[PDB]
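What follows is one structure encoded as structure tokens, with my remarks underneath.
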Amino acid sequence: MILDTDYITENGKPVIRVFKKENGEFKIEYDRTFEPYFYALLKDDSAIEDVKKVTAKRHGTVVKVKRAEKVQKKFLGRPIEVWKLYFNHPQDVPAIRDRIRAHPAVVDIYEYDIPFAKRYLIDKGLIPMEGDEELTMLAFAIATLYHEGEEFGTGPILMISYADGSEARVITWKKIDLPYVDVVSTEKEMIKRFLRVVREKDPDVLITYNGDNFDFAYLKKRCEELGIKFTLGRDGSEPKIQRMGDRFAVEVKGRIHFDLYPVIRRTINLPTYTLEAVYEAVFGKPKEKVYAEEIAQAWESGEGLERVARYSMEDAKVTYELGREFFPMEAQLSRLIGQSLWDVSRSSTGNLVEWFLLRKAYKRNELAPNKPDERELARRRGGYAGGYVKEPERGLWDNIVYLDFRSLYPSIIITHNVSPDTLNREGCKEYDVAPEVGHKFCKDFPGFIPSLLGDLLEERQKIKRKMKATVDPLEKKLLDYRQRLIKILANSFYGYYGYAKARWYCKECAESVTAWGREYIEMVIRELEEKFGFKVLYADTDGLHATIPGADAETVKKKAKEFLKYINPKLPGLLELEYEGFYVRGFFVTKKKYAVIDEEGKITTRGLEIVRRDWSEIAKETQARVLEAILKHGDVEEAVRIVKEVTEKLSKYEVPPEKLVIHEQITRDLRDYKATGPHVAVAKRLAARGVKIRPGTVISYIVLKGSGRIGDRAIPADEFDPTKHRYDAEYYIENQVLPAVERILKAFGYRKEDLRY
DNA sequence: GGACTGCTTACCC
DNA sequence: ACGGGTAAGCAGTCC
Ligand SMILES: NCCOCCOCCOCCC(=O)O
Ligand SMILES: [Ca+2]
Ligand SMILES: [Ca+2]
Ligand SMILES: [Ca+2]
Ligand SMILES: [Ca+2]
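Going by full-length UniProt numbering, the first sequence opens with residue 1, and the numbers climb by one from there.
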């Protein structure tokens with residue numbers, strides 16, 4: 001299996017290394033046969049020799065086109081001939097672009113921003129993480145004595161925790177009499193031991209939880225301040241702290257640095273992404289957090305460091321266990337997108353998509369269109385019409401059925417051949433004209449995207465057939481990851497079309513996909529309500545909730561199943577309505593906000609406060625209980641009581657602090673905000689105390705008692721103490737518990753005052 | 001001082 | 001990172 005590709009510079013020329021693992025041994029296959037290329041559309045072939053003269057200096061050296069070649073490719077299908085120009089070293093490719101492009105002869109340059117190492121993986125037709133070889137992994141973690149908003153790394157590391165198949169251990173330089181702790185004499189000593197341990201183990205994967213943004217970065221500032229060669233890489237190198245967008249990411253050349261945090265953050269939904277939280281999520285089992293004030297007083301005291309040791313050891317043990325659980329599917333994704341586990345782990349779907357298309361586009365002799373420059377985002381700023389969202393028949397309904405289109409937007413993209421290279425072409429025999437946008441789509445050749453999108457679904461069903469056959473239950477998991485991922489990639493394509501930053505942007509395509517959607521859902525709804533006696537209680541972009549008012553569950557079921565057999569043959573192409581759910585009763589509140597209880601009893605909840613991270617756990621727990629009341633049982637009494645108790649409990653300051661925490665995200669840099677929400681108010685103050693309030697940072701806070709603007713009383717959850725700081729019982733009763741509860745209890749004509757306290 | 005209006009977050013699909 | 005459609009609430013800005 002190819003772990004990753006990278007290139008060095010031996011004797012001047014670039015050598016592409018293809019880091020692999022065959023027959024239980026890590027190998028580094030070198031390659032100098034590959035040479036970098038770029039593309040350009042010249043108006044006259046005569047100018048090529050004039051353009052070959054173009055020069056540009058990189059550092060001390062002067063650099064010009066090492067070779068040149070007329071290449072016959074395609075572009076949005078249409079055959080185009082263009083000049084592919086080589087270069088000695090890949091780093092010359094980005095020096096000579098602006099000049100070679102500006103040229104008054106040439107119209108444009110193409111494929112000029114594809115990292116060599118990644119170019120080589122695409123072109124050579126190699127796919128990472130193919131074939132079944134066990135890869136050794138090593139989780140690691142650090143405990144720091146971080147002072148009150150001091151410089152990053154100006155505190156020393158107290159412990160380094162590591163865990164793998166066989167053991168968890170702590171390396172530390174204060175004395176702890178425990179079997180899983182190794183005391184070195186000094187900080188430098190315990191790092192040098194850690195570094196040794198990694199070497200002696202020689203793991204393929206290094207698992208961290210936010211290693212990208214803290215653990216590795218901190219180890220550097222230390223190894224810097226202490227003069228220790230921080231050599232973790234197999235080549236003997238130290239880690240490269242590459243800067244991806246808003247944050248950074250760390251690469252250990254020769255090892256897969258698997259930072260779980262971005263994966264966990266992408267995959268699981270939680271209010272807070274503490275390693276303690278995600279263990280309790282993924283595995284159900286609990287985890288104590290030893291806090292900084294706790295660690296430092298243990299260091300300073302020498303009293304009760306054994307807890308801090310248990311914490312370090314647990315931190316690593318849980319990192320490993322999360323790694324061994326998440327790496328598998330993150331590896332299937334390495335293979336599907338055909339780039340390194342590393343890149344894939346940290347990438348947007350936007351990029352994962354573009355990486356797939358570039359690979360397919362090269363294989364398909366298609367000159368990939370260029371990312372849009374600053375000015376070419378500004379024009380793309382115009383939006384388009386989305387999905388149909390019916391205003392719900394509000395209130396409590398019985399015997400409901402969820403009907404939805406199986407893979408709607410892909411079915412449309414497949415069916416109507418919706419693709420930039422099929423959009424309003426000259427003289428196709430047959431054409432498909434989108435319902436309102438109007439745009440005609442050629443129907444004579446399988447369009448680039450529809451082509452690949454079919455292959456994807458084509459395979460996904462193959463993989464689900466191989467699944468029912470699979471004896472080995474591991475493979476059946478690794479198989480299910482492959483199919484589940486393909487579904488997500490396939491469902492990402494419509495999005496990519498509407499994405500201004502997307503190479504294959506096509507507002508014409510996205511708009512047409514959504515247009516068709518609106519047509520098809522409203523036609524089902526119309527058909528379902530007219531032909532069959534159903535009322536549609538609510539609907540939203542490919543999904544419908546419906547009943548036959550005053551009919552038994554038995555009948556609703558039969559008639560819905562009957563309606564599918566009616567409509568489905570009337571629907572065109574891959575477009576197919578499915579019966580997905582039946583629900584004893586259901587409660588539709590506003591658009592995006594409803595709950596339903598199934599026959600077995602499982603209440604499902606959408607959009608309501610209960611499932612929002614930016615609402616107090618007392619708001620949600622209260623709403624969740626008033627909702628159980630109306631749905632699971634019938635007791636609107638039982639409900640109004642659950643409300644009344646929940647309020648008096650808050651009014652009598654008996655409500656736990658923990659349940660009063662409000663989690664919202666700072667989205668951008670604190671200066672850019674036009675308005676100051678309590679969370680910005682709170683985040684702004686924490687920046688006057690030199691805290692790291694950057695994009696993605698979740699602000700937790702409690703509204704303290706008083707009057708005026710809510711943000712002036714908002715103080716962080718950590719910082720809140722019960723002694724001498726009461727919570728705002730008024731706000732918490734009047735602005736959270738009551739408003740949410742009222743939403744559900746409003747349908748039974750209860751005044752907010754009526755809920756009282 | 002009550003109602004409009006914009007800002008911001010997170011959800012649904 | 002990121003598709004559009006939507007419910008909300010906080011906190012100004014009218015008139
Ligand atoms: N994220 C895309 C916006 O949602 C549009 C709806 O797509 C859902 C695709 O159906 C899959 C479920 C099924 O097979 O019934
Ligand atoms: Ca549902
Ligand atoms: Ca289905
Ligand atoms: Ca998207
Ligand atoms: Ca958007």
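A virtual CB, placed ideally from N, CA and C, is assigned to each residue, including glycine.
Exposure label - residue i; buried when at least 16 CB within 10 Å
{"i": "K253", "result": "buried"}
{"i": "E330", "result": "buried"}
{"i": "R526", "result": "exposed"}
{"i": "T622", "result": "buried"}
{"i": "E151", "result": "exposed"}
{"i": "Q461", "result": "exposed"}
{"i": "residue 759", "result": "Because residue 759 is not part of the residues shown, which for the chain are 1 to 757, the question remains open."}
{"i": "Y653", "result": "exposed"}
{"i": "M244", "result": "exposed"}
{"i": "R465", "result": "exposed"}
{"i": "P36", "result": "buried"}
{"i": "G447", "result": "buried"}
{"i": "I207", "result": "buried"}
{"i": "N210", "result": "buried"}
{"i": "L489", "result": "buried"}
{"i": "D246", "result": "exposed"}
{"i": "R17", "result": "buried"}
{"i": "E637", "result": "exposed"}
{"i": "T5", "result": "buried"}
{"i": "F283", "result": "exposed"}
Residue(s) in a DSSP beta bridge with residue i
{"i": "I160", "result": "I142 and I171"}
{"i": "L396", "result": "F587"}
{"i": "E366", "result": "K74"}
{"i": "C223", "result": "None, per the DSSP bridge assignment."}
{"i": "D259", "result": "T208"}
{"i": "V183", "result": "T172"}
{"i": "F582", "result": "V401"}
{"i": "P716", "result": "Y701"}
{"i": "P79", "result": "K74"}
{"i": "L41", "result": "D108"}
{"i": "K317", "result": "DSSP output for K317 lists no bridge partner at all."}
{"i": "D540", "result": "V389"}
{"i": "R606", "result": "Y594"}
{"i": "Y750", "result": "Partner(s): none; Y750 has no beta bridge."}
Distance between beta carbons of residue j and residue i, contact taken as under 8 angstroms
{"i": "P410", "j": "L452", "result": "Going by Cβ atoms, the distance from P410 to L452 rounds to 11 angstroms, so no, they are not a contact pair."}
{"i": "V198", "j": "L138", "result": "7 angstroms"}
{"i": "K592", "j": "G581", "result": "Rounded, the Cβ-Cβ distance is 17 angstroms, inconsistent with contact."}
{"i": "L577", "j": "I603", "result": "Not quite, the Cβ-Cβ distance comes to about 25 angstroms (not below 8 angstroms), so this is no contact."}
{"i": "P286", "j": "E280", "result": "6 angstroms"}
{"i": "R482", "j": "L260", "result": "Not confirmed; about 21 angstroms, so no contact."}
{"i": "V278", "j": "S345", "result": "Between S345 and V278 the Cβ distance is about 15 angstroms, and since that is not below 8 angstroms, they are no contact."}
{"i": "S301", "j": "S161", "result": "With a Cβ gap of about 20 angstroms, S301 and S161 do not count as contacting."}
Beta-carbon spacing of residue i, residue j below 8 angstroms
{"i": "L575", "j": "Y538", "result": "no"}
{"i": "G495", "j": "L408", "result": "no"}
{"i": "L403", "j": "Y594", "result": "no"}
{"i": "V513", "j": "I413", "result": "yes"}
{"i": "residue 823", "j": "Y701", "result": "In the structure displayed, the chain extends from 1 to 757; residue 823 sits before or after that span and is not available."}
{"i": "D204", "j": "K53", "result": "no"}
{"i": "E366", "j": "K74", "result": "yes"}
{"i": "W342", "j": "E276", "result": "no"}
{"i": "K201", "j": "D164", "result": "yes"}
{"i": "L357", "j": "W504", "result": "yes"}
{"i": "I630", "j": "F587", "result": "yes"}
{"i": "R255", "j": "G233", "result": "yes"}
{"i": "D455", "j": "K443", "result": "no"}
{"i": "residue 841", "j": "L42", "result": "The chain is shown from 1 up to 757; residue 841 falls before or after that span and cannot be answered."}
{"i": "residue 769", "j": "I228", "result": "With the chain covering only 1 through 757, there is no way to say anything about residue 769."}
{"i": "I642", "j": "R625", "result": "yes"}
{"i": "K66", "j": "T55", "result": "no"}
{"i": "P90", "j": "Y218", "result": "no"}
- Item | Nearest-residue set for ligand 1, Cβ under 6 angstroms from any heavy atom | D404, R406, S407, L408, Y409, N491, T541, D542 and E578
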